[PDB]
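Worksheet: one structure, shown below.
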Amino acid sequence: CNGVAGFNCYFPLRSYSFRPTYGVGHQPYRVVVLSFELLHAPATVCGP
Amino acid sequence: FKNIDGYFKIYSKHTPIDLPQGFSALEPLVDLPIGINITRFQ
(Lines give C-alpha, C1' and ligand atoms only; values in the text may rest on other atoms or scores of the structure.)
Protein backbone atom coordinates (compact mmCIF):
# COMPACT_ATOMS: atom_id res chain seq x y z
CA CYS A 1 0.00 0.00 0.00
CA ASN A 2 3.13 2.25 -0.01
CA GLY A 3 1.81 4.17 3.00
CA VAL A 4 -1.42 5.38 1.38
CA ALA A 5 -5.05 4.49 1.97
CA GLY A 6 -7.02 2.47 -0.54
CA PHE A 7 -8.69 -0.85 -1.23
CA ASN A 8 -7.37 -3.44 1.25
CA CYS A 9 -5.42 -0.55 2.86
CA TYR A 10 -7.44 0.53 5.91
CA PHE A 11 -6.11 2.61 8.78
CA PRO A 12 -6.47 0.43 11.90
CA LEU A 13 -8.20 3.18 13.91
CA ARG A 14 -11.85 4.12 14.25
CA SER A 15 -13.42 7.10 16.02
CA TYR A 16 -16.21 7.15 18.61
CA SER A 17 -17.88 10.58 18.16
CA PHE A 18 -19.73 10.51 21.46
CA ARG A 19 -22.85 12.69 21.67
CA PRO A 20 -25.34 13.22 24.51
CA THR A 21 -28.13 12.12 22.16
CA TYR A 22 -27.29 8.40 22.03
CA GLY A 23 -29.18 5.63 23.83
CA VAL A 24 -28.60 4.40 27.36
CA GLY A 25 -26.39 1.46 26.39
CA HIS A 26 -24.17 3.58 24.14
CA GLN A 27 -22.46 6.28 26.22
CA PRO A 28 -18.82 5.58 27.13
CA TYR A 29 -18.02 3.78 30.37
CA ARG A 30 -15.01 4.77 32.47
CA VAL A 31 -13.28 1.53 33.47
CA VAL A 32 -10.45 0.64 35.86
CA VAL A 33 -8.86 -2.74 36.58
CA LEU A 34 -6.97 -3.59 39.78
CA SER A 35 -4.60 -6.57 39.81
CA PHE A 36 -3.07 -8.08 42.96
CA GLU A 37 -0.36 -10.68 43.59
CA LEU A 38 -0.95 -13.34 46.27
CA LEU A 39 2.56 -14.70 46.79
CA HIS A 40 5.33 -14.76 49.40
CA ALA A 41 7.00 -11.35 49.24
CA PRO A 42 8.09 -8.41 51.45
CA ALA A 43 4.40 -7.33 51.19
CA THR A 44 4.92 -3.60 50.80
CA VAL A 45 1.24 -2.66 50.41
CA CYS A 46 -1.22 -3.61 53.14
CA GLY A 47 -4.66 -2.48 54.25
CA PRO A 48 -5.79 -0.36 57.18
CA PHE B 1 25.46 -2.96 56.67
CA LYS B 2 23.57 -6.27 56.70
CA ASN B 3 21.17 -7.96 54.28
CA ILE B 4 19.03 -10.78 55.70
CA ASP B 5 15.54 -12.18 55.03
CA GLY B 6 14.85 -9.78 52.19
CA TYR B 7 15.61 -6.78 54.41
CA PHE B 8 18.53 -4.36 54.22
CA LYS B 9 19.62 -3.13 57.66
CA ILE B 10 21.81 -0.08 58.30
CA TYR B 11 23.18 0.82 61.74
CA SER B 12 25.06 4.06 62.38
CA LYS B 13 27.00 6.00 65.01
CA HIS B 14 28.82 9.35 65.11
CA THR B 15 31.57 10.69 67.37
CA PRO B 16 33.84 13.77 67.49
CA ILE B 17 37.43 13.04 68.52
CA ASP B 18 44.71 5.00 64.42
CA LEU B 19 41.26 3.86 65.51
CA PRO B 20 40.45 5.14 69.02
CA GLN B 21 39.98 3.20 72.23
CA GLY B 22 36.88 2.77 74.38
CA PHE B 23 33.45 1.27 73.85
CA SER B 24 30.50 2.79 72.01
CA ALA B 25 27.49 0.83 70.76
CA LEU B 26 25.80 1.46 67.42
CA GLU B 27 22.08 2.31 67.27
CA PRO B 28 19.74 1.05 64.53
CA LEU B 29 19.09 3.55 61.76
CA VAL B 30 17.18 2.14 58.77
CA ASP B 31 15.48 -1.03 57.59
CA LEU B 32 14.40 -1.40 53.96
CA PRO B 33 12.23 -4.06 52.21
CA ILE B 34 14.22 -4.25 48.97
CA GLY B 35 14.70 -7.98 48.41
CA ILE B 36 17.63 -8.04 45.99
CA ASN B 37 20.87 -10.04 45.74
CA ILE B 38 24.05 -8.30 46.91
CA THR B 39 27.60 -9.53 46.32
CA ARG B 40 29.89 -6.48 45.92
CA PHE B 41 29.97 -2.81 46.84
CA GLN B 42 31.84 0.42 46.17
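As shown in the C-alpha coordinates, the chain order sets the letters A, B, ...; within each chain, residues go from 1, and ligands are also counted from 1 in the order they appear.
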
10 Å contact set for residue A:10, only C-alpha atoms, chain neighbours under 5 positions out, as a PyMOL selection string
chain A and resi 1+4-5

Please identify every residue of chain B that has at least one atom no farther than 12 Å from an atom of chain A, counting only C-alpha atoms, and for each give the shortest atom pair and the distance in Å to one decimal, arranged by chain then increasing number, as a Markdown table.
```
| residue | atom | partner | partner_atom | distance |
| --- | --- | --- | --- | --- |
| B:4 | CA | A:42 | CA | 12.0 |
| B:5 | CA | A:42 | CA | 9.1 |
| B:6 | CA | A:42 | CA | 6.9 |
| B:7 | CA | A:42 | CA | 8.2 |
| B:8 | CA | A:42 | CA | 11.5 |
| B:32 | CA | A:42 | CA | 9.8 |
| B:33 | CA | A:42 | CA | 6.0 |
| B:34 | CA | A:42 | CA | 7.8 |
| B:35 | CA | A:42 | CA | 7.3 |
| B:36 | CA | A:42 | CA | 11.0 |
```

Report, in Å to a single decimal, how far apart atom CA of residue B:3 and atom CA of residue B:38 are.
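Straight-line distance from atom CA of residue B:38 to atom CA of residue B:3 works out to 7.9 Å.
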
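From atom CA of residue A:18 back to atom CA of residue A:6, the distance works out to 26.7 Å.
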